[PDB]
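Quick notes on the structure that follows.
Please note: Cβ atoms are built from the backbone with ideal geometry, for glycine as well, and neighbour counts cover all protein chains shown. Taken together, the values in this text are just the output of simple stated rules run on the coordinates, not laboratory data.
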Amino acid sequence: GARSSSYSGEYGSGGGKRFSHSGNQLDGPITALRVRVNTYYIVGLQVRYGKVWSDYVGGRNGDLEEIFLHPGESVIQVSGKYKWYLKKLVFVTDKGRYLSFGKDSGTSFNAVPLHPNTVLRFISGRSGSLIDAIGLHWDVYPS
Ligand SMILES: [Cl-]
């Protein structure tokens, strides 16, 4: 039909419990990221949609890294690495910024939109005390 949405599928394990930011789309485009990291793993994730933060997922012991996107800036590619749990995330923006988090070891993955000229609209995944898995949802913005 007319829709340009696409979904990467889940990268990582089947552990933990599912989360989805699908209901956060209405708040706005992604405008900021919070990624909690310890020495080995991605511990936790929060994403700001417009002005409103998602409900935090993951554990709380770790360095809380945060990146604030520039006005009009979107993510167009996400890569990373996992081994048992998520270990590395790289958010690539349409302003050419490569926003890396975590430690550079594990099985690699690389997710780009399945329809051209769409951007990262929200994320889903699985979590517990760590981030077990992540999935990327792409769409046009504005809608
Ligand atoms: Cl694994």
Q.
If I take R0 = 25 Å and measure r between the Cβ atoms of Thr107 and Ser20 in this structure, what FRET efficiency does the formula 1/(1 + (r/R0)^6) give, to the nearest 0.05?
A. 0.60
Q. If you rank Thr118, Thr107 by fewest surrounding Cβ atoms within 10 Å, what's the result?
A. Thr107, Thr118
Q. Can you list the residues of segment 65-84 with backbone N under 20 Å from a point 7 Å past the Cα of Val52, pointing along Cα to Cβ?
A. 69, 72
Q) Which residue fluctuates the most in the chain, going by a Gaussian network model with Cα springs under 10 Å, if the choices are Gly106, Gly59, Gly96? A) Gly96
Q) Size of the dipole of the chain about the Cα centre, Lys and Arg at +1 and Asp and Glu at -1 on the beta carbon, nothing else charged, in debye to 20? A) 240 debye
Q.
If the elastic network links every pair of Cα atoms under 10 Å, which of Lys51, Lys83, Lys103 fluctuates the most in the Gaussian network model of the chain?
A. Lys51
